[PDB]
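Have a look below at one chain only, the form solved without this ligand, in structure tokens format.
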């Protein structure tokens, strides 16, 4: 049979995402569609505009059969751990055959060559990369340059590597690389991304970028927002807004983040994952000097530091995510498959997953301890506990920023139940 896996965020779900899903499904023509989705926190280092349950419901109503949660530790990282975690989950399902993503290049063979190079790690490219790293650049630039040197050395075209400056292509290459790391049989497909780039903050019609739409939400223009969204997506959006669970933006968390950083000392950041190049110093100082989170991001950021990375380090710092645990997670991968939602068609493939899963499947949250105790699968139990605790902590922290105080009460992992769509 054919089961189409997809790696998604949907912050929010717009017409471009619908077009993507449609074209992908029509390309594969699968018997099922499984979607691994980010939680209440995305990759950019920004919180989701609405929580994961509403977005999972939207995903289900847009033609996704089953919605799985990507663990927060793999969600808030850069392309490497993100792709690692995602591919690991989709492979851990056991039923996933095909996986389709968006791309600017629309060249799969090229991305596969690049991923092959980054996987096999030839001694040549390692010498080059060693040199460029010693030259004082950052990792993305050093890897780009070294790959260009390898491509010129092998007689190929090094101007092709420019294609890899696009976000989706990086994500794809890292996907393939991860699959080659854990040895997944999953077939990967690319479809040309049509719309505004993810780094484009300006609104033009549809399909506007997620950032542009979020900005439109900030300005309280709901007509352009409604024009940029499908009917059901906009409906669920306004539903979550009117009940006081949204919208949620980073600047709301900003004061908390800064005040929390002012409390911590130099060592704390040296413990937290992703801290190097004296970023512990810069964090410690800028936290005390700046009066707001925007100014903080401006201060910490230099020519060599992107907004995304710094935001990621902020989220890693606020949850006390430490290098050791992150290393274990980046080695063994996720210890579980969390089920966010399913349709009536979803119960089928999910039931097959109950058999073919390489990882413990979690539906009822209150029972997850029982699941970890009664599972025949040989998983690290401590890593399991720490990961799921990080997920619950992330959701619980996300809940506080609900506009309505009444909605802030209780733990929404245990209280809320997996979204079930009747047909």
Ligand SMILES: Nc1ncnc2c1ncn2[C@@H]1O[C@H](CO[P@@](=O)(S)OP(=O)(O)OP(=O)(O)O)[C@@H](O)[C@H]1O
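Positions refer to the first chain, counted from 1.
Not pictured, yet referred to below: the form solved in complex with this ligand.
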Heavy atom within 4.5 Å of this ligand in the bound PDB entry: which of 316, 275, 234, 207 fits that? Just give me the one.
207
Between the options 101, 336, 84, 283, which residue brings a heavy atom to within 4.5 Å of this ligand in the bound PDB entry?
101
Sort through 191 to 199, 127 to 135, 241 to 249, 158 to 166 and report the only stretch with a non-hydrogen atom within 4.5 Å of this ligand in the bound PDB entry.
191 to 199
Suppose contact means a heavy atom within 4.5 Å; in the bound PDB entry, does that hold for all of 122, 142 and 145 with this ligand?
no
Would you check, heavy atoms only and a 4.5 Å threshold, whether residue 412 touches this ligand in the bound PDB entry?
no
4.5 angstroms heavy atom contact with this ligand in the bound PDB entry for residue 8:
yes
Under a 4.5 Å heavy atom criterion, is residue 402 part of the interface with this ligand in the bound PDB entry?
no
